[PDB]
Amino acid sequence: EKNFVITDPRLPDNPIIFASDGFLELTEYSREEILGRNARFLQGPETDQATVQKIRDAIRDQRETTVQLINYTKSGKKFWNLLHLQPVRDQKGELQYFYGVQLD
């Protein structure tokens, strides 16, 4: 019910810079293993890239979106991910972060 991450689109490859304990438990990764990496590590071969394209379009356009996609825990167990994404911009109107909430 409380699974979320913050990413930094200002750093190369838009890596995760924060994850809740819920996200860690959901995905089986530790904070050490996750931070500094783009969340795409949760994807795998059975993930539909057309569905990821919607995420891509939202990030480019810098707008919120919500999509369902196949995701893999560290061990390769699949987990339910209804992903909600939201951009955050600073006072000068420049994109600052994205936050993402994983519903399961």
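In this text, residue numbers run from 1 along the sequence as written.
Q: Mean C-alpha B-factor higher for 12-20, or for 90-98?
A: Mean CA B-factor is higher for 90-98.
Q: Pick between 35-43 and 74-82: the one whose mean CA B-factor in the entry is higher.
A: Here the higher of the two C-alpha B-factor means belongs to 74-82.
Q: Can you tell me which third, lowest, middle or highest, the CA B-factor of residue 26 falls into for its chain?
A: Answer is middle: the recorded C-alpha B-factor places it there.
Q: State the tercile, meaning the lowest, middle or highest third, of residue 50 with respect to the CA B-factors recorded for its chain.
A: It falls in the top third of the chain.
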